>>> print(open('my_file.pdb').read())   # PDB, C-alpha atoms (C1' of nucleotides)
ATOM      1  CA  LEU A  10    -105.103 144.303  14.622
ATOM      2  CA  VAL A  11    -102.866 141.250  14.328
ATOM      3  CA  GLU A  12    -104.095 138.338  12.204
ATOM      4  CA  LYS A  13    -102.759 134.772  12.030
ATOM      5  CA  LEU A  14    -103.598 131.938   9.626
ATOM      6  CA  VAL A  15    -103.458 128.644  11.506
ATOM      7  CA  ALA A  16    -104.219 126.112   8.774
ATOM      8  CA  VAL A  17    -105.426 125.688   5.193
ATOM      9  CA  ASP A  18    -106.774 122.378   3.895
ATOM     10  CA  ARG A  19    -108.254 121.118   0.632
ATOM     11  CA  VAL A  20    -111.513 119.150   0.763
ATOM     12  CA  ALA A  21    -113.460 117.246  -1.880
ATOM     13  CA  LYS A  22    -117.121 116.530  -2.608
ATOM     14  CA  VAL A  23    -118.156 113.724  -4.943
ATOM     15  CA  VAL A  24    -120.620 114.238  -7.799
ATOM     16  CA  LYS A  25    -121.372 112.265 -10.946
ATOM     17  CA  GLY A  26    -118.478 112.496 -13.383
ATOM     18  CA  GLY A  27    -115.822 113.832 -11.013
ATOM     19  CA  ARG A  28    -115.165 115.653  -7.736
ATOM     20  CA  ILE A  29    -115.552 119.265  -6.624
ATOM     21  CA  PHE A  30    -112.584 120.658  -4.700
ATOM     22  CA  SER A  31    -112.777 123.453  -2.138
ATOM     23  CA  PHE A  32    -110.607 125.108   0.495
ATOM     24  CA  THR A  33    -111.103 125.759   4.202
ATOM     25  CA  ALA A  34    -109.185 128.256   6.312
ATOM     26  CA  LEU A  35    -108.909 128.799  10.060
ATOM     27  CA  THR A  36    -107.737 132.207  11.248
ATOM     28  CA  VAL A  37    -107.272 133.998  14.566
ATOM     29  CA  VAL A  38    -107.444 137.777  15.003
ATOM     30  CA  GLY A  39    -106.548 139.808  18.069
ATOM     31  CA  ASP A  40    -105.532 143.205  19.371
ATOM     32  CA  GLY A  41    -102.616 142.077  21.546
ATOM     33  CA  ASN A  42    -104.146 143.527  24.739
ATOM     34  CA  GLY A  43    -106.831 141.043  25.736
ATOM     35  CA  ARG A  44    -109.206 140.899  22.749
ATOM     36  CA  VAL A  45    -109.058 137.795  20.551
ATOM     37  CA  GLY A  46    -111.297 135.719  18.302
ATOM     38  CA  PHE A  47    -111.177 132.929  15.752
ATOM     39  CA  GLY A  48    -113.088 131.879  12.666
ATOM     40  CA  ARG A  49    -113.391 129.504   9.733
ATOM     41  CA  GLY A  50    -114.097 130.085   6.064
ATOM     42  CA  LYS A  51    -114.923 127.875   3.094
ATOM     43  CA  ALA A  52    -114.491 128.852  -0.547
ATOM     44  CA  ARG A  53    -113.496 127.706  -4.011
ATOM     45  CA  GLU A  54    -110.215 129.650  -3.811
ATOM     46  CA  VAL A  55    -107.764 130.128  -0.956
ATOM     47  CA  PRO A  56    -107.850 133.973  -0.720
ATOM     48  CA  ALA A  57    -111.651 134.026  -0.616
ATOM     49  CA  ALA A  58    -111.684 131.425   2.162
ATOM     50  CA  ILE A  59    -109.102 133.440   4.100
ATOM     51  CA  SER A  60    -111.218 136.586   3.750
ATOM     52  CA  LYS A  61    -114.377 134.829   4.961
ATOM     53  CA  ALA A  62    -112.496 133.280   7.885
ATOM     54  CA  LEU A  63    -111.108 136.687   8.858
ATOM     55  CA  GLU A  64    -114.596 138.210   8.744
ATOM     56  CA  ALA A  65    -115.968 135.420  10.944
ATOM     57  CA  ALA A  66    -113.072 135.850  13.378
ATOM     58  CA  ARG A  67    -113.745 139.583  13.622
ATOM     59  CA  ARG A  68    -117.419 138.868  14.298
ATOM     60  CA  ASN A  69    -116.682 136.293  17.042
ATOM     61  CA  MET A  70    -114.650 138.064  19.734
ATOM     62  CA  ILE A  71    -114.274 138.010  23.525
ATOM     63  CA  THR A  72    -112.350 139.897  26.207
ATOM     64  CA  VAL A  73    -109.594 138.248  28.268
ATOM     65  CA  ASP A  74    -108.249 139.689  31.535
ATOM     66  CA  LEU A  75    -104.511 139.138  31.922
ATOM     67  CA  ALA A  76    -102.033 139.542  34.781
ATOM     68  CA  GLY A  77     -99.504 141.788  33.107
ATOM     69  CA  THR A  78     -98.307 139.562  30.278
ATOM     70  CA  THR A  79     -99.229 136.150  31.733
ATOM     71  CA  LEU A  80    -102.159 134.095  32.979
ATOM     72  CA  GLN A  81    -103.901 134.525  36.318
ATOM     73  CA  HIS A  82    -103.754 130.856  37.358
ATOM     74  CA  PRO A  83    -103.319 127.378  35.839
ATOM     75  CA  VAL A  84    -106.042 126.454  33.344
ATOM     76  CA  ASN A  85    -107.361 123.077  32.187
ATOM     77  CA  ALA A  86    -109.739 123.055  29.234
ATOM     78  CA  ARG A  87    -111.202 120.606  26.744
ATOM     79  CA  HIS A  88    -113.313 120.473  23.593
ATOM     80  CA  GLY A  89    -114.206 117.051  22.264
ATOM     81  CA  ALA A  90    -111.135 114.826  22.356
ATOM     82  CA  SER A  91    -108.594 117.670  22.720
ATOM     83  CA  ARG A  92    -107.390 118.680  26.187
ATOM     84  CA  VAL A  93    -105.112 121.629  26.964
ATOM     85  CA  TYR A  94    -103.176 122.669  30.065
ATOM     86  CA  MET A  95    -101.768 126.180  30.504
ATOM     87  CA  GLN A  96     -99.563 127.532  33.287
ATOM     88  CA  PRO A  97     -98.230 131.012  34.099
ATOM     89  CA  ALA A  98     -94.499 131.655  33.877
ATOM     90  CA  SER A  99     -92.017 134.287  34.997
ATOM     91  CA  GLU A 100     -90.595 137.022  32.788
ATOM     92  CA  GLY A 101     -88.176 135.966  30.066
ATOM     93  CA  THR A 102     -89.725 132.514  29.674
ATOM     94  CA  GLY A 103     -91.582 133.160  26.431
ATOM     95  CA  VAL A 104     -94.492 131.274  24.921
ATOM     96  CA  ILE A 105     -93.723 127.552  25.203
ATOM     97  CA  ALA A 106     -96.595 126.016  23.243
ATOM     98  CA  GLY A 107     -97.588 124.414  19.971
ATOM     99  CA  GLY A 108     -98.482 126.390  16.882
ATOM    100  CA  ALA A 109    -102.249 126.215  17.334
ATOM    101  CA  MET A 110    -101.993 127.419  20.930
ATOM    102  CA  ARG A 111     -99.207 129.864  20.053
ATOM    103  CA  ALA A 112    -101.377 131.728  17.553
ATOM    104  CA  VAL A 113    -104.231 132.245  20.023
ATOM    105  CA  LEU A 114    -101.952 133.153  22.931
ATOM    106  CA  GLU A 115     -99.897 135.670  20.947
ATOM    107  CA  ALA A 116    -103.041 137.218  19.464
ATOM    108  CA  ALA A 117    -104.516 137.548  22.965
ATOM    109  CA  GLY A 118    -101.331 139.140  24.289
ATOM    110  CA  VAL A 119     -99.663 136.551  26.519
ATOM    111  CA  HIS A 120     -95.870 136.752  26.594
ATOM    112  CA  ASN A 121     -94.806 134.136  29.183
ATOM    113  CA  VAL A 122     -96.677 130.834  29.469
ATOM    114  CA  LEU A 123     -96.118 127.068  29.393
ATOM    115  CA  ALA A 124     -98.727 124.976  27.576
ATOM    116  CA  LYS A 125     -99.343 121.319  26.756
ATOM    117  CA  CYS A 126    -101.768 119.360  24.564
ATOM    118  CA  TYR A 127    -103.187 115.929  25.359
ATOM    119  CA  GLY A 128    -105.344 113.777  23.131
ATOM    120  CA  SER A 129    -106.180 114.851  19.602
ATOM    121  CA  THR A 130    -104.183 117.651  17.973
ATOM    122  CA  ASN A 131    -106.844 118.748  15.477
ATOM    123  CA  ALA A 132    -106.258 122.453  14.938
ATOM    124  CA  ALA A 133    -109.864 123.634  15.218
ATOM    125  CA  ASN A 134    -110.533 121.620  18.379
ATOM    126  CA  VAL A 135    -107.294 122.810  19.997
ATOM    127  CA  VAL A 136    -108.138 126.434  19.179
ATOM    128  CA  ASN A 137    -111.626 125.911  20.612
ATOM    129  CA  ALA A 138    -110.243 124.480  23.860
ATOM    130  CA  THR A 139    -107.677 127.264  24.292
ATOM    131  CA  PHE A 140    -110.339 129.877  23.541
ATOM    132  CA  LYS A 141    -112.677 128.362  26.138
ATOM    133  CA  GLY A 142    -109.944 128.308  28.774
ATOM    134  CA  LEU A 143    -108.964 131.921  28.154
ATOM    135  CA  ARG A 144    -112.641 132.903  28.256
ATOM    136  CA  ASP A 145    -113.239 131.130  31.570
ATOM    137  CA  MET A 146    -110.105 132.336  33.381
ATOM    138  CA  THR A 147    -111.008 134.392  36.462
ATOM    139  CA  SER A 148    -109.452 137.249  38.438
ATOM    140  CA  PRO A 149    -109.035 138.300  42.095
ATOM    141  CA  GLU A 150    -111.410 141.255  41.756
ATOM    142  CA  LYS A 151    -114.122 139.014  40.302
ATOM    143  CA  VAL A 152    -113.531 136.451  43.058
ATOM    144  CA  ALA A 153    -113.798 139.101  45.773
ATOM    145  CA  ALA A 154    -116.947 140.539  44.196
ATOM    146  CA  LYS A 155    -118.614 137.128  44.007
ATOM    147  CA  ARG A 156    -117.652 136.108  47.555
ATOM    148  CA  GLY A 157    -118.534 139.488  49.066
ATOM    149  CA  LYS A 158    -115.008 140.143  50.323
ATOM    150  CA  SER A 159    -112.050 142.463  49.731
ATOM    151  CA  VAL A 160    -109.076 141.830  47.467
ATOM    152  CA  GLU A 161    -106.604 141.854  50.360
ATOM    153  CA  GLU A 162    -108.911 139.491  52.249
ATOM    154  CA  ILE A 163    -108.918 137.129  49.257
ATOM    155  CA  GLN A 164    -105.131 137.301  48.739
TER     156      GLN A 164
ATOM    157  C1'   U B   1     -76.218 138.348  49.180
ATOM    158  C1'   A B   2     -77.049 132.955  46.520
ATOM    159  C1'   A B   3     -77.904 127.836  46.549
ATOM    160  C1'   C B   4     -83.822 127.675  41.021
ATOM    161  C1'   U B   5     -87.346 128.701  36.919
ATOM    162  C1'   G B   6     -90.325 124.723  35.093
ATOM    163  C1'   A B   7     -93.684 120.984  30.212
ATOM    164  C1'   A B   8     -93.919 122.984  21.924
ATOM    165  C1'   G B   9     -94.850 118.898  18.032
ATOM    166  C1'   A B  10     -94.914 116.488  12.693
ATOM    167  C1'   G B  11     -96.023 112.335   8.783
ATOM    168  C1'   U B  12     -99.031 108.017   7.599
ATOM    169  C1'   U B  13    -105.695 104.242   7.028
ATOM    170  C1'   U B  14    -110.379 107.784   3.459
ATOM    171  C1'   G B  15    -113.361 110.457  -2.668
ATOM    172  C1'   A B  16    -113.736 114.325   1.991
ATOM    173  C1'   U B  17    -114.498 114.229   7.720
ATOM    174  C1'   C B  18    -114.056 113.406  13.058
ATOM    175  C1'   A B  19    -112.326 109.673  16.571
ATOM    176  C1'   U B  20    -109.571 105.294  18.063
ATOM    177  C1'   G B  21    -104.791 103.066  17.423
ATOM    178  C1'   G B  22    -100.144 101.341  16.096
ATOM    179  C1'   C B  23     -95.579 102.520  13.128
ATOM    180  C1'   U B  24     -91.883 106.560  11.768
ATOM    181  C1'   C B  25     -89.271 111.475  12.534
ATOM    182  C1'   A B  26     -87.221 116.061  14.820
ATOM    183  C1'   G B  27     -83.525 116.071  21.286
ATOM    184  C1'   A B  28     -79.911 114.668  24.803
ATOM    185  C1'   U B  29     -76.012 111.082  25.849
ATOM    186  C1'   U B  30     -71.566 107.202  24.897
ATOM    187  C1'   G B  31     -65.237 103.379  27.735
ATOM    188  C1'   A B  32     -68.192 103.482  21.254
ATOM    189  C1'   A B  33     -67.103 101.128  16.091
ATOM    190  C1'   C B  34     -66.798 102.149  10.664
ATOM    191  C1'   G B  35     -66.228 105.650   5.945
ATOM    192  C1'   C B  36     -63.750 110.319   3.987
ATOM    193  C1'   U B  37     -60.343 113.903   5.832
ATOM    194  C1'   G B  38     -56.527 115.593   9.229
ATOM    195  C1'   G B  39     -52.079 121.473  12.054
ATOM    196  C1'   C B  40     -51.062 122.411  17.425
ATOM    197  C1'   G B  41     -51.655 122.697  22.841
ATOM    198  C1'   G B  42     -53.984 121.779  27.951
ATOM    199  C1'   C B  43     -56.829 118.208  30.875
ATOM    200  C1'   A B  44     -58.945 113.405  31.039
ATOM    201  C1'   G B  45     -59.886 108.265  29.122
ATOM    202  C1'   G B  46     -58.029 103.623  26.778
ATOM    203  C1'   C B  47     -59.885  94.496  26.242
ATOM    204  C1'   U B  48     -67.228  96.229  27.600
ATOM    205  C1'   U B  49     -65.639  89.861  24.007
ATOM    206  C1'   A B  50     -62.319  84.184  26.211
ATOM    207  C1'   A B  51     -62.723  84.091  35.207
ATOM    208  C1'   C B  52     -59.410  81.626  27.489
ATOM    209  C1'   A B  53     -53.903  79.526  27.375
ATOM    210  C1'   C B  54     -49.332  81.958  28.489
ATOM    211  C1'   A B  55     -42.618  82.794  26.140
ATOM    212  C1'   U B  56     -39.471  86.479  28.746
ATOM    213  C1'   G B  57     -38.117  90.483  32.351
ATOM    214  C1'   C B  58     -39.526  92.937  36.758
ATOM    215  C1'   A B  59     -43.918  93.402  41.032
ATOM    216  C1'   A B  60     -41.151  91.810  49.216
ATOM    217  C1'   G B  61     -37.462  92.784  51.497
ATOM    218  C1'   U B  62     -34.526  94.589  55.423
ATOM    219  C1'   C B  63     -31.461  94.323  60.126
ATOM    220  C1'   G B  64     -23.665  92.564  61.661
ATOM    221  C1'   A B  65     -25.944  98.038  67.281
ATOM    222  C1'   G B  66     -29.116  89.610  68.209
ATOM    223  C1'   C B  67     -25.284  85.314  66.934
ATOM    224  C1'   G B  68     -21.223  81.873  65.507
ATOM    225  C1'   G B  69     -18.409  81.066  61.334
ATOM    226  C1'   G B  70     -16.327  82.243  56.635
ATOM    227  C1'   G B  71     -14.197  85.578  52.602
ATOM    228  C1'   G B  72     -11.443  89.109  49.902
ATOM    229  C1'   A B  73      -8.818  94.438  50.130
ATOM    230  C1'   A B  74      -5.564  97.255  51.862
ATOM    231  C1'   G B  75      -2.067  98.922  56.005
ATOM    232  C1'   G B  76       1.920  97.864  60.022
ATOM    233  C1'   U B  77       6.080  94.522  61.662
ATOM    234  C1'   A B  78       9.641  91.018  60.366
ATOM    235  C1'   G B  79      13.040  88.946  57.402
ATOM    236  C1'   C B  80      15.527  88.028  53.191
TER     237        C B  80
END
>>> encode(input="my_file.pdb", output="structure tokens")
Amino acid sequence: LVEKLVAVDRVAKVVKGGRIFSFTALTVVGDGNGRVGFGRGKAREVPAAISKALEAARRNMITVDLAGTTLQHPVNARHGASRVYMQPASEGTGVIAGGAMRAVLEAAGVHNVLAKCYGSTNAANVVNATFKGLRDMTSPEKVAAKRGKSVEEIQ
RNA sequence: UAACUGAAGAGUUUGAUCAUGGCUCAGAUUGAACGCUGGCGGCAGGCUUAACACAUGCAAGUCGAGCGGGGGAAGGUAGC
């Protein structure tokens, strides 16, 4: 099970006579063959936050249907102010995307894809948008089943 | 046979946060200039500014089988 750590940030909370500092961690876990999830964790120390984030990522998982090593069709997704566009590519292209998208795509098992961010580049929001798009991608068999047709009829 | 296949972000407003929004950076390119340094070859390029003023040399001649004159070389013949 491959695990990636997207970002680590230090946050502060104000009390009388000083401030309390903490750490947040965003991580993405996956199997490399269509199962992927992400999570966040808050702690006083960085390793504890990473462990909690990994546990949350393992608890929140979905299944993604791929076409070999690439996407089925172009995808547009959004979450808040972050918008993402993803497009299938031919073999040998690679993963042409930013780090936040790259982590999710590589954990989910995509090898050739072109991706682009618009709007805000906040890591959590970008991961959310990419996750939603991968969740909502469809497939010819599902399309044929829903329309009451055959795969060769659908083309 | 073939004539196309293509898109990455980062820093900075606050005691944290999300958004909006400017500024800055990572690329490619040049008829370039400057600083330090400097062996060779091939192929290219070389006043972007004053359509400012120009010394000097060259950059449009050729035809005697169109024509009349006129020159200077030799040769031959004569004499002394």
>>> closest_residue(input="my_file.pdb", among="A:133, A:15, A:69, A:53", to="residue A:29", atoms="all atoms listed in the file")
A:53
>>> closest_atom_pairs(input="my_file.pdb", of="chain A", to="chain B", cutoff="9 Å", atoms="only C-alpha atoms (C1' of nucleotides)", output="tab-separated table")
residue	atom	partner	partner_atom	distance
A:19	CA	B:16	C1'	8.8
A:20	CA	B:16	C1'	5.5
A:21	CA	B:16	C1'	4.9
A:22	CA	B:16	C1'	6.1
A:23	CA	B:15	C1'	6.2
A:28	CA	B:15	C1'	7.5
A:90	CA	B:19	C1'	7.8
A:98	CA	B:6	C1'	8.2
A:99	CA	B:5	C1'	7.5
A:102	CA	B:5	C1'	8.5
A:104	CA	B:8	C1'	8.8
A:105	CA	B:8	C1'	5.6
A:106	CA	B:8	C1'	4.3
A:107	CA	B:8	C1'	4.4
A:108	CA	B:8	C1'	7.6
A:111	CA	B:8	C1'	8.9
A:123	CA	B:7	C1'	6.6
A:124	CA	B:7	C1'	7.0
A:125	CA	B:7	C1'	6.6
A:129	CA	B:19	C1'	8.6
>>> atom_distance(input="my_file.pdb", atom1="atom CA of residue A:159", atom2="atom CA of residue A:81")
17.6 Å
>>> resolve_selection(input="my_file.pdb", expression="the PyMOL selection byres ((chain A and resi 32) around 10)", output="list in words")
residues 17, 18, 19, 20, 21, 30, 31, 33, 34, 50, 51, 52, 53, 54, 55, 56, 57, 58 and 59 of chain A
>>> atom_distance(input="my_file.pdb", atom1="atom CA of residue A:86", atom2="atom CA of residue A:156")
23.8 Å
>>> atom_distance(input="my_file.pdb", atom1="atom CA of residue A:122", atom2="atom CA of residue A:153")
25.0 Å
>>> residues_near_point(input="my_file.pdb", point="(-60.9, 107.8, 25.1)", cutoff="8 Å", atoms="only C-alpha atoms (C1' of nucleotides)", output="ChimeraX atom specification")
/B:31,45-46
>>> residues_around(input="my_file.pdb", residues="residue A:152", least_positions_apart="3", cutoff="12 Å", atoms="only C-alpha atoms (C1' of nucleotides)", output="NGL selection string")
:A and (81 or 146-149 or 155-164)
>>> residues_around(input="my_file.pdb", residues="residue A:49", least_positions_apart="5", cutoff="7 Å", atoms="all atoms listed in the file", output="NGL selection string")
:A and (34-36 or 62 or 65)
>>> resolve_selection(input="my_file.pdb", expression="the PyMOL selection byres ((chain A and resi 40) around 10)", output="PyMOL selection string")
chain A and resi 10-12+38-39+41-46+115-118
